[PDB]
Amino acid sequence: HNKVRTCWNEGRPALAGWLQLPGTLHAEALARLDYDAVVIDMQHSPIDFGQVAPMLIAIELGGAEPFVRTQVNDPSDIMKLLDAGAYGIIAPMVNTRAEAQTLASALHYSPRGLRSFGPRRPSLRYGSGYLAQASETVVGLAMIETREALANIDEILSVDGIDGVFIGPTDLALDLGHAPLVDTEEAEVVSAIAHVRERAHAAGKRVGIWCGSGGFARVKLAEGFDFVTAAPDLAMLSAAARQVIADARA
């Protein structure tokens, strides 16, 4: 089963990691912690398909659901990741209902979508009964990260073939004319974020958000977000090294 969908079905949110650093060793190590999922960022990172493919395997072995935040909402790219064992997709710049339908089209076989059939890794995980359960094995979230997406939230949330939305708050702040600060307190940004969550839940959809700290993630879980990521590997590692150096150098 998809571990995130299991969380949801059991009435709990999912907490996920966020990787911008390529490689399998930290991917497995973080998957073995109390993360339900680990997202590999293929957008704001140097991680290409060749490097993502073994990382999916490593996260699955470590016992978290492997997710990818893609560089673009492109059906063929998403299909190839699904067939490589990405079991969650977070697609950037879903700004309109039509773009959300384009995301949905990639996530489902005919007749619900147009996903091409050749499920190399999912058929190894799920066996020959995969086709009947395929749609449920994948979680799909549309990114909300622009003014336009915010304006079109209800129309995006009307698309049956997506699970919900994923807020990209640094990009949303920037597009609203504010600083792209992680875990921002900017009142209009905080209000927009709450509005997206409320609309998603009203529409019977799931809502996620990207976080830069455990404390902000605790607040988002308390507010009812269904999928909360915290925090990027590179940021956590940089901050840890700075502290080690300060401690060493007195």
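Quick note: we count residues from 1 along the sequence shown, nothing fancier.
Per-stretch averaging of Cα B factors for 144-152 and 70-78 places 144-152 on top.
As recorded in the PDB entry, 198-206 is the stretch of 185-193 and 198-206 with the greater mean C-alpha temperature factor. Each of 106, 84, 162, 90 has a CA temperature factor in the record; the biggest one is found at 162. Residue 96: CA B factor lies in the highest third for its chain, per the PDB record. Ranked by C-alpha B-factor against the other modelled residues of its chain, residue 122 falls in the lowest third.
Sort the chain's modelled residues by C-alpha temperature factor and residue 158 lands in the highest third, per the entry. Ranked by Cα temperature factor within the chain, residue 167 sits in the lowest third according to the deposited record. In the PDB entry, residue 62 places in the middle third of its chain by CA B-factor.
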